[PDB]
file target37.pdb (PDB, N, CA and C atoms)
ATOM      1  N   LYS A   2     127.473 102.306 107.574
ATOM      2  CA  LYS A   2     126.720 101.428 106.688
ATOM      3  C   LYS A   2     125.384 102.058 106.301
ATOM      4  N   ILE A   3     125.336 103.388 106.254
ATOM      5  CA  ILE A   3     124.105 104.124 105.983
ATOM      6  C   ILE A   3     124.205 104.829 104.637
ATOM      7  N   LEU A   4     123.100 104.802 103.896
ATOM      8  CA  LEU A   4     123.004 105.369 102.558
ATOM      9  C   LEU A   4     122.356 106.750 102.657
ATOM     10  N   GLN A   5     123.141 107.798 102.411
ATOM     11  CA  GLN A   5     122.632 109.168 102.460
ATOM     12  C   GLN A   5     121.921 109.483 101.147
ATOM     13  N   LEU A   6     120.593 109.562 101.189
ATOM     14  CA  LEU A   6     119.776 109.771 100.001
ATOM     15  C   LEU A   6     119.538 111.257  99.735
ATOM     16  N   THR A   7     119.231 111.567  98.474
ATOM     17  CA  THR A   7     118.868 112.915  98.051
ATOM     18  C   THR A   7     117.677 112.831  97.108
ATOM     19  N   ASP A   8     117.145 114.002  96.750
ATOM     20  CA  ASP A   8     116.085 114.055  95.746
ATOM     21  C   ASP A   8     116.553 113.446  94.428
ATOM     22  N   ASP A   9     117.824 113.665  94.069
ATOM     23  CA  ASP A   9     118.347 113.188  92.792
ATOM     24  C   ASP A   9     118.713 111.708  92.805
ATOM     25  N   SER A  10     119.103 111.164  93.957
ATOM     26  CA  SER A  10     119.550 109.780  94.039
ATOM     27  C   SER A  10     118.485 108.824  94.558
ATOM     28  N   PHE A  11     117.325 109.331  94.985
ATOM     29  CA  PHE A  11     116.333 108.479  95.637
ATOM     30  C   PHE A  11     115.767 107.437  94.680
ATOM     31  N   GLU A  12     115.299 107.875  93.507
ATOM     32  CA  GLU A  12     114.718 106.946  92.543
ATOM     33  C   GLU A  12     115.727 105.899  92.088
ATOM     34  N   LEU A  13     116.999 106.276  91.977
ATOM     35  CA  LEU A  13     118.014 105.328  91.533
ATOM     36  C   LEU A  13     118.272 104.250  92.581
ATOM     37  N   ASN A  14     118.231 104.614  93.865
ATOM     38  CA  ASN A  14     118.694 103.734  94.931
ATOM     39  C   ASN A  14     117.578 103.068  95.726
ATOM     40  N   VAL A  15     116.352 103.576  95.669
ATOM     41  CA  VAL A  15     115.239 103.033  96.440
ATOM     42  C   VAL A  15     114.167 102.446  95.529
ATOM     43  N   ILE A  16     113.678 103.241  94.575
ATOM     44  CA  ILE A  16     112.623 102.779  93.677
ATOM     45  C   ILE A  16     113.139 101.662  92.778
ATOM     46  N   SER A  17     114.295 101.876  92.147
ATOM     47  CA  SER A  17     114.866 100.905  91.221
ATOM     48  C   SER A  17     115.497  99.707  91.919
ATOM     49  N   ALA A  18     115.693  99.769  93.234
ATOM     50  CA  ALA A  18     116.252  98.641  93.966
ATOM     51  C   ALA A  18     115.250  97.496  94.055
ATOM     52  N   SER A  19     115.761  96.267  93.979
ATOM     53  CA  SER A  19     114.923  95.083  94.121
ATOM     54  C   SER A  19     114.775  94.646  95.572
ATOM     55  N   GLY A  20     115.760  94.946  96.415
ATOM     56  CA  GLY A  20     115.764  94.515  97.797
ATOM     57  C   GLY A  20     114.886  95.375  98.690
ATOM     58  N   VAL A  21     115.071  95.186  99.999
ATOM     59  CA  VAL A  21     114.340  95.921 101.029
ATOM     60  C   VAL A  21     115.187  97.098 101.495
ATOM     61  N   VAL A  22     114.551  98.263 101.660
ATOM     62  CA  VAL A  22     115.242  99.507 101.994
ATOM     63  C   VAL A  22     114.438 100.240 103.059
ATOM     64  N   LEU A  23     115.076 100.542 104.187
ATOM     65  CA  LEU A  23     114.488 101.376 105.229
ATOM     66  C   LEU A  23     114.983 102.808 105.061
ATOM     67  N   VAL A  24     114.056 103.744 104.857
ATOM     68  CA  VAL A  24     114.384 105.153 104.668
ATOM     69  C   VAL A  24     113.915 105.936 105.887
ATOM     70  N   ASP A  25     114.831 106.705 106.480
ATOM     71  CA  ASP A  25     114.563 107.534 107.651
ATOM     72  C   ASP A  25     114.520 108.995 107.208
ATOM     73  N   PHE A  26     113.324 109.581 107.192
ATOM     74  CA  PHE A  26     113.169 110.997 106.876
ATOM     75  C   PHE A  26     113.397 111.821 108.140
ATOM     76  N   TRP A  27     114.343 112.757 108.083
ATOM     77  CA  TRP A  27     114.832 113.417 109.286
ATOM     78  C   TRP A  27     115.208 114.861 108.976
ATOM     79  N   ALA A  28     115.527 115.603 110.037
ATOM     80  CA  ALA A  28     115.983 116.983 109.929
ATOM     81  C   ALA A  28     116.685 117.366 111.223
ATOM     82  N   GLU A  29     117.635 118.300 111.105
ATOM     83  CA  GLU A  29     118.460 118.699 112.245
ATOM     84  C   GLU A  29     117.635 119.336 113.356
ATOM     85  N   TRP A  30     116.625 120.127 112.993
ATOM     86  CA  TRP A  30     115.813 120.831 113.979
ATOM     87  C   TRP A  30     114.858 119.907 114.721
ATOM     88  N   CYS A  31     114.681 118.677 114.248
ATOM     89  CA  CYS A  31     113.820 117.693 114.895
ATOM     90  C   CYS A  31     114.641 116.904 115.913
ATOM     91  N   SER A  32     114.341 117.100 117.200
ATOM     92  CA  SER A  32     115.056 116.435 118.286
ATOM     93  C   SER A  32     114.736 114.942 118.387
ATOM     94  N   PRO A  33     113.487 114.498 118.171
ATOM     95  CA  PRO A  33     113.267 113.042 118.075
ATOM     96  C   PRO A  33     114.056 112.389 116.953
ATOM     97  N   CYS A  34     114.228 113.081 115.824
ATOM     98  CA  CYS A  34     115.066 112.557 114.748
ATOM     99  C   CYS A  34     116.476 112.269 115.247
ATOM    100  N   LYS A  35     117.085 113.246 115.926
ATOM    101  CA  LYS A  35     118.417 113.058 116.491
ATOM    102  C   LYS A  35     118.443 111.950 117.536
ATOM    103  N   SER A  36     117.355 111.790 118.294
ATOM    104  CA  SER A  36     117.340 110.818 119.383
ATOM    105  C   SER A  36     117.464 109.389 118.865
ATOM    106  N   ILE A  37     116.806 109.075 117.744
ATOM    107  CA  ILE A  37     116.869 107.722 117.192
ATOM    108  C   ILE A  37     118.075 107.505 116.288
ATOM    109  N   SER A  38     118.856 108.552 116.006
ATOM    110  CA  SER A  38     119.978 108.424 115.076
ATOM    111  C   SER A  38     120.972 107.342 115.484
ATOM    112  N   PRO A  39     121.443 107.259 116.736
ATOM    113  CA  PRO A  39     122.326 106.133 117.085
ATOM    114  C   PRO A  39     121.647 104.784 116.945
ATOM    115  N   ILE A  40     120.329 104.730 117.148
ATOM    116  CA  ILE A  40     119.599 103.477 116.990
ATOM    117  C   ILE A  40     119.602 103.043 115.531
ATOM    118  N   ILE A  41     119.363 103.988 114.617
ATOM    119  CA  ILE A  41     119.344 103.676 113.190
ATOM    120  C   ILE A  41     120.691 103.113 112.753
ATOM    121  N   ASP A  42     121.785 103.709 113.242
ATOM    122  CA  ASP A  42     123.121 103.249 112.870
ATOM    123  C   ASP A  42     123.355 101.819 113.336
ATOM    124  N   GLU A  43     123.026 101.536 114.598
ATOM    125  CA  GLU A  43     123.167 100.181 115.123
ATOM    126  C   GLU A  43     122.369  99.189 114.288
ATOM    127  N   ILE A  44     121.128  99.544 113.951
ATOM    128  CA  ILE A  44     120.301  98.677 113.116
ATOM    129  C   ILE A  44     120.940  98.469 111.746
ATOM    130  N   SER A  45     121.579  99.509 111.200
ATOM    131  CA  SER A  45     122.209  99.384 109.888
ATOM    132  C   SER A  45     123.267  98.290 109.886
ATOM    133  N   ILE A  46     124.087  98.234 110.937
ATOM    134  CA  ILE A  46     125.098  97.188 111.040
ATOM    135  C   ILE A  46     124.446  95.860 111.391
ATOM    136  N   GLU A  47     123.449  95.899 112.274
ATOM    137  CA  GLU A  47     122.822  94.684 112.782
ATOM    138  C   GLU A  47     122.078  93.938 111.682
ATOM    139  N   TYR A  48     121.243  94.650 110.927
ATOM    140  CA  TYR A  48     120.445  94.071 109.855
ATOM    141  C   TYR A  48     121.098  94.249 108.486
ATOM    142  N   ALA A  49     122.428  94.381 108.447
ATOM    143  CA  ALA A  49     123.123  94.650 107.190
ATOM    144  C   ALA A  49     122.861  93.565 106.150
ATOM    145  N   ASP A  50     122.819  92.300 106.574
ATOM    146  CA  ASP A  50     122.606  91.207 105.630
ATOM    147  C   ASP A  50     121.181  91.163 105.096
ATOM    148  N   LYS A  51     120.237  91.830 105.759
ATOM    149  CA  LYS A  51     118.824  91.691 105.438
ATOM    150  C   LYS A  51     118.236  92.858 104.655
ATOM    151  N   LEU A  52     118.692  94.090 104.880
ATOM    152  CA  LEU A  52     118.117  95.249 104.204
ATOM    153  C   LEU A  52     119.185  96.331 104.057
ATOM    154  N   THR A  53     118.787  97.457 103.463
ATOM    155  CA  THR A  53     119.640  98.629 103.314
ATOM    156  C   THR A  53     118.992  99.797 104.045
ATOM    157  N   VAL A  54     119.755 100.446 104.922
ATOM    158  CA  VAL A  54     119.277 101.598 105.679
ATOM    159  C   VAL A  54     119.717 102.873 104.976
ATOM    160  N   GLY A  55     118.788 103.810 104.836
ATOM    161  CA  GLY A  55     119.087 105.094 104.233
ATOM    162  C   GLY A  55     118.397 106.219 104.972
ATOM    163  N   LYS A  56     119.023 107.393 104.933
ATOM    164  CA  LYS A  56     118.499 108.594 105.567
ATOM    165  C   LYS A  56     118.332 109.687 104.522
ATOM    166  N   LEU A  57     117.285 110.496 104.675
ATOM    167  CA  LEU A  57     117.040 111.625 103.785
ATOM    168  C   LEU A  57     116.687 112.844 104.623
ATOM    169  N   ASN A  58     117.521 113.879 104.536
ATOM    170  CA  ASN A  58     117.269 115.151 105.203
ATOM    171  C   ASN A  58     116.248 115.952 104.402
ATOM    172  N   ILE A  59     115.112 116.270 105.027
ATOM    173  CA  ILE A  59     114.010 116.884 104.294
ATOM    174  C   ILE A  59     114.197 118.386 104.105
ATOM    175  N   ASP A  60     115.115 119.014 104.846
ATOM    176  CA  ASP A  60     115.460 120.405 104.562
ATOM    177  C   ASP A  60     116.203 120.519 103.238
ATOM    178  N   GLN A  61     117.173 119.630 103.015
ATOM    179  CA  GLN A  61     117.975 119.647 101.799
ATOM    180  C   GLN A  61     117.244 119.019 100.621
ATOM    181  N   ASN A  62     116.315 118.101 100.891
ATOM    182  CA  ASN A  62     115.649 117.305  99.862
ATOM    183  C   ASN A  62     114.155 117.310 100.152
ATOM    184  N   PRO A  63     113.435 118.346  99.714
ATOM    185  CA  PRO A  63     112.003 118.429 100.033
ATOM    186  C   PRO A  63     111.086 117.683  99.071
ATOM    187  N   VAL A  64     111.567 117.343  97.871
ATOM    188  CA  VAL A  64     110.674 116.830  96.832
ATOM    189  C   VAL A  64     110.177 115.428  97.179
ATOM    190  N   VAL A  65     111.090 114.513  97.527
ATOM    191  CA  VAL A  65     110.673 113.151  97.902
ATOM    192  C   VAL A  65     109.737 113.159  99.102
ATOM    193  N   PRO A  66     110.006 113.883 100.198
ATOM    194  CA  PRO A  66     109.000 113.985 101.267
ATOM    195  C   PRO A  66     107.639 114.452 100.775
ATOM    196  N   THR A  67     107.611 115.482  99.926
ATOM    197  CA  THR A  67     106.349 115.982  99.386
ATOM    198  C   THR A  67     105.608 114.905  98.599
ATOM    199  N   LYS A  68     106.316 114.204  97.710
ATOM    200  CA  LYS A  68     105.668 113.224  96.844
ATOM    201  C   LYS A  68     104.991 112.112  97.636
ATOM    202  N   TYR A  69     105.528 111.762  98.804
ATOM    203  CA  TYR A  69     104.991 110.684  99.619
ATOM    204  C   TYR A  69     104.107 111.191 100.752
ATOM    205  N   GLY A  70     103.833 112.492 100.792
ATOM    206  CA  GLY A  70     102.921 113.045 101.784
ATOM    207  C   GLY A  70     103.358 112.837 103.219
ATOM    208  N   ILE A  71     104.636 113.063 103.508
ATOM    209  CA  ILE A  71     105.151 112.930 104.867
ATOM    210  C   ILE A  71     104.713 114.137 105.687
ATOM    211  N   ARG A  72     103.946 113.882 106.744
ATOM    212  CA  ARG A  72     103.392 114.943 107.575
ATOM    213  C   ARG A  72     104.341 115.346 108.698
ATOM    214  N   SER A  73     104.894 114.367 109.410
ATOM    215  CA  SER A  73     105.783 114.626 110.529
ATOM    216  C   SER A  73     107.090 113.876 110.319
ATOM    217  N   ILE A  74     108.075 114.190 111.157
ATOM    218  CA  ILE A  74     109.340 113.456 111.192
ATOM    219  C   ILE A  74     109.691 113.161 112.648
ATOM    220  N   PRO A  75     110.448 112.091 112.936
ATOM    221  CA  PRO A  75     110.974 111.161 111.929
ATOM    222  C   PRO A  75     109.906 110.196 111.414
ATOM    223  N   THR A  76     109.904 109.965 110.104
ATOM    224  CA  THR A  76     109.051 108.963 109.480
ATOM    225  C   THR A  76     109.937 107.891 108.868
ATOM    226  N   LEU A  77     109.637 106.634 109.174
ATOM    227  CA  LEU A  77     110.375 105.499 108.637
ATOM    228  C   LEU A  77     109.505 104.816 107.594
ATOM    229  N   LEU A  78     109.999 104.761 106.361
ATOM    230  CA  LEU A  78     109.327 104.069 105.270
ATOM    231  C   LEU A  78     110.119 102.816 104.931
ATOM    232  N   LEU A  79     109.448 101.672 104.973
ATOM    233  CA  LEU A  79     110.046 100.396 104.607
ATOM    234  C   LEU A  79     109.641 100.088 103.171
ATOM    235  N   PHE A  80     110.620 100.089 102.271
ATOM    236  CA  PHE A  80     110.402  99.799 100.862
ATOM    237  C   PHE A  80     110.786  98.355 100.572
ATOM    238  N   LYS A  81     109.976  97.684  99.755
ATOM    239  CA  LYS A  81     110.338  96.405  99.159
ATOM    240  C   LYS A  81     110.171  96.543  97.658
ATOM    241  N   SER A  82     111.210  96.165  96.911
ATOM    242  CA  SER A  82     111.355  96.621  95.535
ATOM    243  C   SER A  82     111.174  98.133  95.508
ATOM    244  N   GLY A  83     110.211  98.616  94.731
ATOM    245  CA  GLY A  83     110.009 100.045  94.628
ATOM    246  C   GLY A  83     108.865 100.579  95.466
ATOM    247  N   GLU A  84     108.100  99.690  96.092
ATOM    248  CA  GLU A  84     106.878 100.078  96.780
ATOM    249  C   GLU A  84     107.064 100.110  98.293
ATOM    250  N   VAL A  85     106.281 100.968  98.942
ATOM    251  CA  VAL A  85     106.254 101.058 100.398
ATOM    252  C   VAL A  85     105.416  99.911 100.946
ATOM    253  N   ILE A  86     105.964  99.175 101.910
ATOM    254  CA  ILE A  86     105.226  98.088 102.537
ATOM    255  C   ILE A  86     104.827  98.383 103.981
ATOM    256  N   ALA A  87     105.517  99.288 104.675
ATOM    257  CA  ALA A  87     105.169  99.588 106.059
ATOM    258  C   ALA A  87     105.685 100.973 106.429
ATOM    259  N   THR A  88     105.055 101.566 107.447
ATOM    260  CA  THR A  88     105.354 102.927 107.879
ATOM    261  C   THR A  88     105.376 103.002 109.402
ATOM    262  N   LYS A  89     106.261 103.854 109.928
ATOM    263  CA  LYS A  89     106.346 104.146 111.357
ATOM    264  C   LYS A  89     106.658 105.626 111.516
ATOM    265  N   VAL A  90     105.742 106.374 112.129
ATOM    266  CA  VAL A  90     105.893 107.814 112.315
ATOM    267  C   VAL A  90     106.199 108.079 113.782
ATOM    268  N   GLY A  91     107.202 108.915 114.032
ATOM    269  CA  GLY A  91     107.592 109.265 115.381
ATOM    270  C   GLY A  91     108.764 108.435 115.882
ATOM    271  N   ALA A  92     109.362 108.926 116.966
ATOM    272  CA  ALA A  92     110.504 108.252 117.565
ATOM    273  C   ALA A  92     110.102 106.884 118.101
ATOM    274  N   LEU A  93     111.090 105.997 118.205
ATOM    275  CA  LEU A  93     110.854 104.621 118.615
ATOM    276  C   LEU A  93     112.119 104.058 119.248
ATOM    277  N   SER A  94     111.935 103.079 120.128
ATOM    278  CA  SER A  94     113.056 102.399 120.755
ATOM    279  C   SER A  94     113.698 101.413 119.785
ATOM    280  N   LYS A  95     114.898 100.954 120.149
ATOM    281  CA  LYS A  95     115.561  99.927 119.354
ATOM    282  C   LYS A  95     114.756  98.634 119.367
ATOM    283  N   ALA A  96     114.204  98.272 120.527
ATOM    284  CA  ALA A  96     113.339  97.101 120.603
ATOM    285  C   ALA A  96     112.152  97.220 119.654
ATOM    286  N   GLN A  97     111.538  98.404 119.580
ATOM    287  CA  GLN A  97     110.391  98.576 118.691
ATOM    288  C   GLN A  97     110.809  98.523 117.227
ATOM    289  N   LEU A  98     111.973  99.087 116.898
ATOM    290  CA  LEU A  98     112.459  99.027 115.523
ATOM    291  C   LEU A  98     112.803  97.596 115.130
ATOM    292  N   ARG A  99     113.434  96.851 116.042
ATOM    293  CA  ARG A  99     113.684  95.429 115.824
ATOM    294  C   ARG A  99     112.393  94.677 115.518
ATOM    295  N   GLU A 100     111.379  94.841 116.372
ATOM    296  CA  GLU A 100     110.106  94.157 116.159
ATOM    297  C   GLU A 100     109.487  94.544 114.823
ATOM    298  N   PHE A 101     109.575  95.825 114.464
ATOM    299  CA  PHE A 101     109.020  96.291 113.197
ATOM    300  C   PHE A 101     109.687  95.603 112.014
ATOM    301  N   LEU A 102     111.020  95.571 112.001
ATOM    302  CA  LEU A 102     111.732  94.960 110.884
ATOM    303  C   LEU A 102     111.513  93.453 110.840
ATOM    304  N   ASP A 103     111.665  92.780 111.984
ATOM    305  CA  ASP A 103     111.460  91.335 112.039
ATOM    306  C   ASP A 103     110.100  90.945 111.471
ATOM    307  N   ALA A 104     109.071  91.750 111.754
ATOM    308  CA  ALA A 104     107.723  91.455 111.277
ATOM    309  C   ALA A 104     107.652  91.371 109.756
ATOM    310  N   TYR A 105     108.518  92.094 109.042
ATOM    311  CA  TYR A 105     108.461  92.130 107.585
ATOM    312  C   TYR A 105     109.645  91.453 106.908
ATOM    313  N   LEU A 106     110.642  90.995 107.663
ATOM    314  CA  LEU A 106     111.787  90.284 107.104
ATOM    315  C   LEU A 106     111.840  88.817 107.503
ATOM    316  N   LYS A 107     111.741  88.527 108.798
ATOM    317  CA  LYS A 107     112.027  87.199 109.333
ATOM    318  C   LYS A 107     110.948  86.180 108.974
TER     319      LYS A 107
END

call {"tool": "encode", "arguments": {"input": "target37.pdb", "output": "structure tokens"}}
result
Amino acid sequence: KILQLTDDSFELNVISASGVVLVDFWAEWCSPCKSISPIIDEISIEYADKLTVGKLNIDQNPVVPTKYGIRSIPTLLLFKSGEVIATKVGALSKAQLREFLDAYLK
């Protein structure tokens, strides 16, 4: 239930979207990125009715990370409509991700 984003598809699927979208900026060489990957998937199924989860590999797609000034990974950007409403940099537990989303959805 995860949306694999690219530089070419990002504006179509995140900016132009009216709903809420969680974007996970990640890379294979980043071990914290891999550590939260099963958590992101669980959240995608868990919060499926509430938002859309998407991942963007910054090695393959550097332009969107550059445009938003992403310094480290993993960085989680919470979009509502086309704008960013909240940010979380660094690895996090499932409990912390739950609390983060609930704060802006529930």

call {"tool": "residues_around", "arguments": {"input": "target37.pdb", "residues": "residue 106 (chain A)", "least_positions_apart": "4", "cutoff": "8 Å", "atoms": "only N, CA and C atoms", "output": "list in words"}}
result
residues 51, 101 and 102 of chain A

call {"tool": "resolve_selection", "arguments": {"input": "target37.pdb", "expression": "the PyMOL selection byres (((chain A and resi 2 and name CA) around 12) and name CA)", "output": "list in words"}}
result
residues 3, 4, 5, 41, 42, 43, 44, 45, 46, 47, 48, 49, 50, 52, 53, 54, 55 and 56 of chain A

call {"tool": "atom_distance", "arguments": {"input": "target37.pdb", "atom1": "CA of residue 66 (chain A)", "atom2": "CA of residue 103 (chain A)"}}
result
25.2 Å

call {"tool": "resolve_selection", "arguments": {"input": "target37.pdb", "expression": "the PyMOL selection byres (((chain A and resi 93 and name CA) around 12) and name CA)", "output": "list in words"}}
result
residues 25, 33, 34, 35, 36, 37, 38, 39, 40, 41, 74, 75, 76, 77, 89, 90, 91, 92, 94, 95, 96, 97, 98, 99, 100 and 101 of chain A

call {"tool": "select_by_dssp", "arguments": {"input": "target37.pdb", "residues": "chain A", "states": "helix (DSSP H, G or I)", "output": "MDAnalysis selection string"}}
result
chainID A and resid 11:16 32:47 64:68 95:106

call {"tool": "residues_around", "arguments": {"input": "target37.pdb", "residues": "residue 10 (chain A)", "least_positions_apart": "2", "cutoff": "12 Å", "atoms": "only C-alpha atoms", "output": "list in words"}}
result
residues 4, 5, 6, 7, 8, 12, 13, 14, 15, 16, 17, 18, 55, 56, 57, 62, 64 and 65 of chain A

call {"tool": "atom_distance", "arguments": {"input": "target37.pdb", "atom1": "CA of residue 22 (chain A)", "atom2": "atom C of residue 88 (chain A)"}}
result
12.8 Å

call {"tool": "resolve_selection", "arguments": {"input": "target37.pdb", "expression": "the PyMOL selection byres ((chain A and resi 20) around 6)", "output": "ChimeraX atom specification"}}
result
/A:18-19,21-22,80-82

call {"tool": "atom_distance", "arguments": {"input": "target37.pdb", "atom1": "atom C of residue 104 (chain A)", "atom2": "CA of residue 26 (chain A)"}}
result
20.6 Å

call {"tool": "axis_aligned_box", "arguments": {"input": "target37.pdb", "around": "region 93-105 of chain A", "padding_each_side": "3 Å", "output": "JSON"}}
result
{"center_x": 111.6, "center_y": 98.5, "center_z": 113.8, "size_x": 13.9, "size_y": 21.1, "size_z": 19.8}

call {"tool": "select_by_dssp", "arguments": {"input": "target37.pdb", "residues": "chain A", "states": "strand (DSSP E)", "output": "MDAnalysis selection string"}}
result
chainID A and resid 3:5 21:27 53:58 76:81 84:90

call {"tool": "closest_residue", "arguments": {"input": "target37.pdb", "among": "A:9, A:71, A:78, A:107", "to": "residue 23 (chain A)", "atoms": "only C-alpha atoms"}}
result
A:78

call {"tool": "decode", "arguments": {"input": "target37.pdb", "residues": "region 27-47 of chain A", "atoms": "N, CA, C and O atoms", "output": "PDB file, in the first residue's frame"}}
result
ATOM      1  N   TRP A  27      14.497   8.415   1.590  1.00  0.00           N
ATOM      2  CA  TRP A  27      15.310   7.297   2.049  1.00  0.00           C
ATOM      3  C   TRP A  27      16.387   6.975   1.021  1.00  0.00           C
ATOM      4  O   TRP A  27      16.411   7.524  -0.083  1.00  0.00           O
ATOM      5  N   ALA A  28      17.282   6.065   1.406  1.00  0.00           N
ATOM      6  CA  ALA A  28      18.340   5.576   0.531  1.00  0.00           C
ATOM      7  C   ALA A  28      18.866   4.262   1.089  1.00  0.00           C
ATOM      8  O   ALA A  28      18.814   4.022   2.298  1.00  0.00           O
ATOM      9  N   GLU A  29      19.365   3.414   0.184  1.00  0.00           N
ATOM     10  CA  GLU A  29      19.818   2.075   0.561  1.00  0.00           C
ATOM     11  C   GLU A  29      20.998   2.117   1.525  1.00  0.00           C
ATOM     12  O   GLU A  29      21.091   1.291   2.440  1.00  0.00           O
ATOM     13  N   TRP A  30      21.912   3.069   1.334  1.00  0.00           N
ATOM     14  CA  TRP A  30      23.107   3.158   2.164  1.00  0.00           C
ATOM     15  C   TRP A  30      22.813   3.684   3.562  1.00  0.00           C
ATOM     16  O   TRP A  30      23.685   3.601   4.433  1.00  0.00           O
ATOM     17  N   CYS A  31      21.620   4.222   3.792  1.00  0.00           N
ATOM     18  CA  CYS A  31      21.213   4.725   5.098  1.00  0.00           C
ATOM     19  C   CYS A  31      20.565   3.591   5.891  1.00  0.00           C
ATOM     20  O   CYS A  31      19.474   3.124   5.547  1.00  0.00           O
ATOM     21  N   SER A  32      21.238   3.149   6.957  1.00  0.00           N
ATOM     22  CA  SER A  32      20.756   2.054   7.794  1.00  0.00           C
ATOM     23  C   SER A  32      19.551   2.444   8.654  1.00  0.00           C
ATOM     24  O   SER A  32      18.650   1.614   8.835  1.00  0.00           O
ATOM     25  N   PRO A  33      19.481   3.663   9.213  1.00  0.00           N
ATOM     26  CA  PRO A  33      18.217   4.068   9.857  1.00  0.00           C
ATOM     27  C   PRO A  33      17.031   4.064   8.907  1.00  0.00           C
ATOM     28  O   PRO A  33      15.910   3.749   9.325  1.00  0.00           O
ATOM     29  N   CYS A  34      17.243   4.428   7.640  1.00  0.00           N
ATOM     30  CA  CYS A  34      16.173   4.344   6.650  1.00  0.00           C
ATOM     31  C   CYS A  34      15.625   2.925   6.559  1.00  0.00           C
ATOM     32  O   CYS A  34      14.408   2.710   6.616  1.00  0.00           O
ATOM     33  N   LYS A  35      16.520   1.942   6.416  1.00  0.00           N
ATOM     34  CA  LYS A  35      16.107   0.544   6.369  1.00  0.00           C
ATOM     35  C   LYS A  35      15.434   0.104   7.662  1.00  0.00           C
ATOM     36  O   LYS A  35      14.515  -0.721   7.630  1.00  0.00           O
ATOM     37  N   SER A  36      15.870   0.646   8.802  1.00  0.00           N
ATOM     38  CA  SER A  36      15.345   0.201  10.089  1.00  0.00           C
ATOM     39  C   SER A  36      13.864   0.532  10.238  1.00  0.00           C
ATOM     40  O   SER A  36      13.093  -0.274  10.772  1.00  0.00           O
ATOM     41  N   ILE A  37      13.440   1.711   9.768  1.00  0.00           N
ATOM     42  CA  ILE A  37      12.036   2.102   9.885  1.00  0.00           C
ATOM     43  C   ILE A  37      11.178   1.582   8.740  1.00  0.00           C
ATOM     44  O   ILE A  37       9.951   1.774   8.765  1.00  0.00           O
ATOM     45  N   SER A  38      11.781   0.948   7.729  1.00  0.00           N
ATOM     46  CA  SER A  38      11.021   0.501   6.562  1.00  0.00           C
ATOM     47  C   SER A  38       9.865  -0.426   6.921  1.00  0.00           C
ATOM     48  O   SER A  38       8.749  -0.196   6.424  1.00  0.00           O
ATOM     49  N   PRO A  39      10.033  -1.469   7.746  1.00  0.00           N
ATOM     50  CA  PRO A  39       8.854  -2.267   8.125  1.00  0.00           C
ATOM     51  C   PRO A  39       7.817  -1.465   8.886  1.00  0.00           C
ATOM     52  O   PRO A  39       6.618  -1.759   8.787  1.00  0.00           O
ATOM     53  N   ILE A  40       8.248  -0.451   9.640  1.00  0.00           N
ATOM     54  CA  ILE A  40       7.308   0.393  10.367  1.00  0.00           C
ATOM     55  C   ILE A  40       6.462   1.204   9.395  1.00  0.00           C
ATOM     56  O   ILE A  40       5.242   1.323   9.559  1.00  0.00           O
ATOM     57  N   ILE A  41       7.098   1.774   8.368  1.00  0.00           N
ATOM     58  CA  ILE A  41       6.378   2.572   7.379  1.00  0.00           C
ATOM     59  C   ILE A  41       5.311   1.727   6.691  1.00  0.00           C
ATOM     60  O   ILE A  41       4.179   2.181   6.476  1.00  0.00           O
ATOM     61  N   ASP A  42       5.652   0.479   6.350  1.00  0.00           N
ATOM     62  CA  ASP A  42       4.702  -0.402   5.676  1.00  0.00           C
ATOM     63  C   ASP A  42       3.493  -0.678   6.559  1.00  0.00           C
ATOM     64  O   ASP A  42       2.345  -0.592   6.108  1.00  0.00           O
ATOM     65  N   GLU A  43       3.738  -1.027   7.823  1.00  0.00           N
ATOM     66  CA  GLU A  43       2.644  -1.263   8.760  1.00  0.00           C
ATOM     67  C   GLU A  43       1.746  -0.038   8.869  1.00  0.00           C
ATOM     68  O   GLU A  43       0.516  -0.151   8.851  1.00  0.00           O
ATOM     69  N   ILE A  44       2.351   1.145   8.985  1.00  0.00           N
ATOM     70  CA  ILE A  44       1.575   2.380   9.052  1.00  0.00           C
ATOM     71  C   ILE A  44       0.758   2.581   7.779  1.00  0.00           C
ATOM     72  O   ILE A  44      -0.372   3.081   7.826  1.00  0.00           O
ATOM     73  N   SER A  45       1.317   2.206   6.624  1.00  0.00           N
ATOM     74  CA  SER A  45       0.596   2.374   5.364  1.00  0.00           C
ATOM     75  C   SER A  45      -0.719   1.609   5.375  1.00  0.00           C
ATOM     76  O   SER A  45      -1.753   2.130   4.940  1.00  0.00           O
ATOM     77  N   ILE A  46      -0.700   0.373   5.878  1.00  0.00           N
ATOM     78  CA  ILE A  46      -1.924  -0.414   5.972  1.00  0.00           C
ATOM     79  C   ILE A  46      -2.798   0.107   7.103  1.00  0.00           C
ATOM     80  O   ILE A  46      -4.026   0.187   6.976  1.00  0.00           O
ATOM     81  N   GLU A  47      -2.172   0.483   8.218  1.00  0.00           N
ATOM     82  CA  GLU A  47      -2.903   0.887   9.412  1.00  0.00           C
ATOM     83  C   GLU A  47      -3.680   2.177   9.182  1.00  0.00           C
ATOM     84  O   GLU A  47      -4.873   2.262   9.493  1.00  0.00           O
TER      85      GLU A  47
END
